[PDB]
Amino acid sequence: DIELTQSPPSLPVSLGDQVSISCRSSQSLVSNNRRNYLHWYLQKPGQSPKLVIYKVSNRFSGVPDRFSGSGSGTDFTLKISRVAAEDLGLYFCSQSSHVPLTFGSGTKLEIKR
């Protein structure tokens, strides 16, 4: 199936940092009619996954302007311009371009040492 490799696995941050996390697709998301159906979820600690962005760049309902997404083909990026405590948790990318719908290896956003 389509493997979604997220880099880095873990990202230590300071509040107010601007970060970019990556999602690399094992196959092109532009090979069919469903071009770059690549979404991002945030699983805050002790909470359910929440939709952040879908279809690369679309901010879901309630998602602040500090979040943005880019990419086409196989390399997608999620950028957070001023990390807040509410942004910490596990970020999973997801693809619905090819059957079946798959989930990424995750990037844990956590406070730095």
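A residue's number is simply how far along the shown sequence it sits, counting from 1.
The mean Cα B-factor in the deposited entry runs higher for 28-36 than for the other of 69-77 and 28-36.
Per-stretch averaging of Cα B factors for 80-88 and 59-67 places 59-67 on top.
Among all modelled residues in its chain, residue 2 ranks in the middle third by Cα B-factor. Ranked against the other modelled residues of its chain, the C-alpha B-factor of residue 13 as given in the entry falls in the highest third.
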